[PDB]
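A lone chain, given as structure tokens: the form deposited in one PDB entry.
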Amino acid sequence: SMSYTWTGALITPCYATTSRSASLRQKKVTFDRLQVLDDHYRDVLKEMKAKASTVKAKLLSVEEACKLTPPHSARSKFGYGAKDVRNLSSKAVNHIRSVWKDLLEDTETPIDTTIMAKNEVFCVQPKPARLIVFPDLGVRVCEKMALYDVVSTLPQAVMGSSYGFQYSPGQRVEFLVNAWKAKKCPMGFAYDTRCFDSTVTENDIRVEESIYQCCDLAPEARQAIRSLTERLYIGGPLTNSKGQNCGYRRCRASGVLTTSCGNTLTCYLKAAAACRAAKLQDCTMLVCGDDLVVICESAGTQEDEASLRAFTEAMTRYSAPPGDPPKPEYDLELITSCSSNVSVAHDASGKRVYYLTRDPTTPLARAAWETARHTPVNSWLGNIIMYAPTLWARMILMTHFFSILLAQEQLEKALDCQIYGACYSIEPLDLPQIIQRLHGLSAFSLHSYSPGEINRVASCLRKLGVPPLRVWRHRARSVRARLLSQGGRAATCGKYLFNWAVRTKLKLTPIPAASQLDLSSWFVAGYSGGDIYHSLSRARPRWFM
């Protein structure tokens, strides 16, 4: 069937890719899907289901679900919105309860979804706007009641170490490095699917439900999953921001709770089956939704090229064709997944340290847009957290925004940021502890960066007309000195975040308050969607902090 059917009703909104480039994206994401399954697919599916069987999932309370809603979450087309939900207002709560009852009692009627354009700031290179399909706020809260515990527990149970969203940046790197080292002679590749959400057939979505149905579920939770699959997840009518009917969807909705989970499960299912079809030897897989990386045992350049075509043919048969055809790589540092690559530096004692990086052009262009126009959910803070070990995040991002926060006297003001579609509320003052927990103390004392990484950062600054690295070193020294002079977490920010800027470096000891921090949710909800709000809370602060 067609992934989408359009009535021609324009996708109405509320360089930066606007609502006029949304028509180009529509042509790409619209096509009929061909899917042919085989024994490999059925075997992996059965193996997956067997692991799912071990799971027991709890049914969340109205109250529990509400508290997981981001405060910037799209207001209900029923006269309430996010704040009302988060504060458990009689209007919001009573509507959620009705939605839930309707899900328990109505099993066929399609649930309406709103189609919109995501306005992402990219660089002016001399790309069509990404689409966002999501149900009403009330439905989104019910989704959480029924499947939050499933999506939190199930994926790790089924895929183990292959589940991509269970890792802190440091952990992911450690997994990757260990996997590459484990192989006698390793080969690795990244498989990018062309329009993954669109390639997701209605059968894929029912196969996904068959996995959820292996949990020990409450009868209400079971029916909710059943109704949500038929009425919402397999498809339904599309409605623009104005309320006019846009068309119909018969593929994955980006704005649903089961998007990263389902996409992960599906991608994994298809890929693992394709690994068998291509007879790839001793595969280690890492799956982050539509994004996948395979670290297997090399069998020679020509055979590796051959294996990979077989892999692609199988994936294509499973209705998961590639965007770009995969290239076999023989250096871990040469694989690019989630716009990222593994790089290496030295800690304060000269020991090797691997870390994830990326081309800084987009992060910097977006941060530049964000400094100009006030944004509710910023990328710069997410990039600071995600790329804390990187040369560019440390010298340009940390320096620029700490000087700004210093001026505006807003270091203590919690901000909302997105880290690959996930929403987090962070006080910039908590960055050292956050960084220490996600990357380790070495993030604060990395040096001896590769020439390649230094040159990419340098070139990129010239390209964007950003002052050079020597300017940033100078500016960071003022910021450091100012933050130090303020004590507490501010001085910690100066000491730890800006040690790179000082002539003769300080010995850095573990931040004691970093252990108090509870980061549970970050791991158990790392998904590139879900309408999940991860905040920051610390179990019992010691008085002297």
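So that the term is clear: the rigid core is the largest set of C-alpha atoms that superpose within 1.5 Å between two forms. Residue positions are given as counts along the sequence shown, with the first one as 1.
What comes next is about the form deposited in another entry, which does not appear here.
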Exercise. Among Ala422, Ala278, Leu406, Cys195, whose C-alpha is off by 2 Å or more between the shown form and the other one on a rigid-core fit?
Worked result: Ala422
Exercise. By the 2 angstroms cut-off, has the C-alpha of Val524 moved between the shown form and the other one once the rigid core is superposed?
Worked result: yes
Seminar exercise, completed: Against the displayed form, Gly526 vs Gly262 by Cα, in that other deposited form, with 3 angstroms or more change: pair is closer
For this session: Report the direction of the Cα distance change between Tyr420 and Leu59 in that other deposited form, compared with the displayed form, as closer or farther; the change is 3 Å or more.
Result: closer
